[PDB]
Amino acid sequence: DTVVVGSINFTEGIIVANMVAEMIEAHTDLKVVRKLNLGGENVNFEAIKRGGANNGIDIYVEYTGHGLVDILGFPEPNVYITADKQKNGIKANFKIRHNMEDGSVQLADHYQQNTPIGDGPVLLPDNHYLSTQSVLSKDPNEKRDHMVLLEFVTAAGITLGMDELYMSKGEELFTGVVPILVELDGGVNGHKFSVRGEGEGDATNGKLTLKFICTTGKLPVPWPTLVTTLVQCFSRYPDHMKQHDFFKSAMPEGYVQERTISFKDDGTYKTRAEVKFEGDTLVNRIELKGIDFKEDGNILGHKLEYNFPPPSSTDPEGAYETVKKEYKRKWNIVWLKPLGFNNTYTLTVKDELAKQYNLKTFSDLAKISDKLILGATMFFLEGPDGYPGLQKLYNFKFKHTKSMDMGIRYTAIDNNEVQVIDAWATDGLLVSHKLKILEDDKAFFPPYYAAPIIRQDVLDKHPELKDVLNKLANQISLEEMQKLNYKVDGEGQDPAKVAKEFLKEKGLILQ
């Protein structure tokens, strides 16, 4: 029959949409409907959910970063740590997305304060984040209500910058493997329960193995809700970040971790815990009080699956794999092979500006942001992977922020209307306006490798599509894609003509 191919109203998307349409019409005897969307939020994601039957798309080109946003909530799962000098400790924000049976998600918003127990000196960190991977399992020979947890945590967000390095005396307590005891006394909506966990931690590798048992009978809440609450001192800090490990510096006297966990459309947990050494053993002693929970709700009704969401990886291959697997497992959508270019957000300035203020990286731009006016697309300003996520890590304080269309932002930076723009790495106008891209030194941004995305049922009806579309694999480099975007924007041309020309040129389309 026919297949619907959608795209948002931007140059690169239209070009690649026409390329896919031409590949399908050339290498298969199938009909290709082309649809250009309004530009609404998650328009392509919801369209490919609906499919062609319900006035939606069946195929579109997505970027791994926006995929991380769409199926994992990319910025949110990272534990974003900043310093509170007043309380001589740290604060942290994150959100957990607990999977449910019907594919929905229970949101759990975590606000966290950590304060040293002793009066010793402690390391106050620069803005950074903890990337966490958690795997939940069961012992088959354990008749009690229990959870087996295996966890890997790595600290990120601080750049290695060709400067010498080598930090604290509590750091030396984690050189080897440390035994771990965790005690939790909790009450949720009047249920009183206790949890005891035993295990061990290797901080040089960032690995925790623990087994928790509910000593009071049946646990009145699903186990994944207690995962966060149930030892961030075991996080593996890379050698260049070892000066920012607050948690180890507070040892052995320990620290106090207070946390507020808000379950969307349900109750809240309030936890206070003390994490400290007792003899050889690191102990986490927690009091948990949950107040306002719906009795038939997702939490008290046990409507959450026994899993934790997979982590969002900044590695390009890891990102593609995670996005492909999750789009498959949830909503049943196939990520095909990448086209080969990475069209990433990047803050860019006039090269004159960078020369004058000696700007190399995002941190330098941040220290003078108050003087500057940022002009960016609505996608960068609104999207969680754009300016808001950036500020979670970078502390940008711009004088103004003006939403602009693509193209108009380039003329505006040329005319000094704005000083910083959200240039996209494949933008055609990047050659002509003499701009400098700055470096994402804290490495907030994810990969934005473009790849075609197809519904599984359309793949079933027409199995040939997989190979014909995968023919465009590693074919379009960043330079080539930029050349085509310039051949549309810099020189007014029809996108379909440029697409067909490029396809015939490389022999992908014979004629």
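So that there is no doubt, residue numbering starts at 1 and follows the sequence shown.
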query: Unresolved deposited residues in the interval that joins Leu230 and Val231; finding: 1 to 3
query: Segment of higher mean CA temperature factor, 260-268 or 418-426; finding: 418-426
query: 285-293 set against 328-336, stretch whose average Cα temperature factor tops the other in the entry; finding: 328-336
query: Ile408, C-alpha B-factor rank within chain (lowest, middle or highest third); finding: highest
query: Ranked C-alpha temperature factor of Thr216 among modelled chain residues, by third; finding: lowest
query: Third assignment of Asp126 from its chain's C-alpha B-factors; finding: middle
query: Third of chain Cα B-factors occupied by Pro452; finding: middle
query: Chain-relative CA temperature factor third for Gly118; finding: highest
